[PDB]
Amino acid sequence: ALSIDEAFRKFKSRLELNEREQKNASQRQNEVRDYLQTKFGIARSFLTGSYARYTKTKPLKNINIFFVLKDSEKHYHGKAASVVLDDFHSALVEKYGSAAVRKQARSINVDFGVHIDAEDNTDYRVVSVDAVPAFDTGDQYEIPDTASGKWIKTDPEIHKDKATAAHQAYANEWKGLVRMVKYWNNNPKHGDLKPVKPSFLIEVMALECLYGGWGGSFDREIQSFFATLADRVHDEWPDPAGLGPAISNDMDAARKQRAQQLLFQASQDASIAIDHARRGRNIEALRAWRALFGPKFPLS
């Protein structure tokens, strides 16, 4: 019979990237890069965002690939964001069909048609990539921004370095706790709209909302993490690197109130699980944790 710690560590391992998934991400990168280089001047590409920080939850969706545009494409830098995104969109629809391709704020999503079963298993295949037109300006990158109509600065290496620093200060448990809350945020039980938008905001908040080092127990850490996220979701959350626009403006007021309510509900659901465990009702506690997170949380 599983202890609470044993169950959380199994959950954590189920959310870790493995070698077969990595090989699949690399293969999709080759496929999309080789194609896009026939349509645009692209010097190089790279896997980035949460995928590269080991903070992307499962199943693996919306893996960012920056496609670094050559000087021959510099005309795009002085044009509206929708122009380069339109061109990337049309190219990718031509190859993958309209149903598979979706415009996003700072990327085009390509969905490979990989089946996600009800247990969140894909036979070790990535679900989709976010294709990002990008210019390397020297100090950082610039990518298209639908909200402003223009281009914004981003340095994913600052995000990576600070995720690594938080993780080292948290006894190597920070990244896993982030992936667990992102798994909860993705739970179909919440409906069509996730509690927190974008998912990246959970990680930005966690840089401040996990603190004091690792406390030693997953269940208390998760409870307090949810409670802190509820209390702070209305704060301003700038780009931590100080380069791009704030991360906290994608939710309108009603959406943020809902975010706070669902995060607080999660903190209460976690408290119930903690109370079960305190009283020796261990299979009851595991059932409470599974109802909160979803099927990847184990009962045995």
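Don't overthink the numbering: it's just position in the shown sequence, from 1.
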Stretch with higher mean Cα temperature factor, 173-181 vs 209-217, is 209-217
Averaging the C-alpha temperature factors as deposited, the higher value of 31-39 versus 253-261 falls on 253-261
Residue set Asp87, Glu94, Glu73, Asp139, per-entry CA B-factor max assigned to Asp139
Whose CA atom has the top B-factor in the entry, of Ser199, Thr154, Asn187, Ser148? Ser148
Hey, what third does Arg44 fall into on Cα B-factor, ranked over its chain? highest
Lowest, middle or highest third - CA B-factor, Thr122: highest
Among the modelled residues of its chain, does the C-alpha B-factor of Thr57 lie in the lowest, middle or highest third? lowest
Would you mind ranking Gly191 by its C-alpha B-factor against the rest of the chain and naming the third, lowest, middle or highest? middle
What third of the chain, by the recorded C-alpha B-factor, contains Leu17? highest
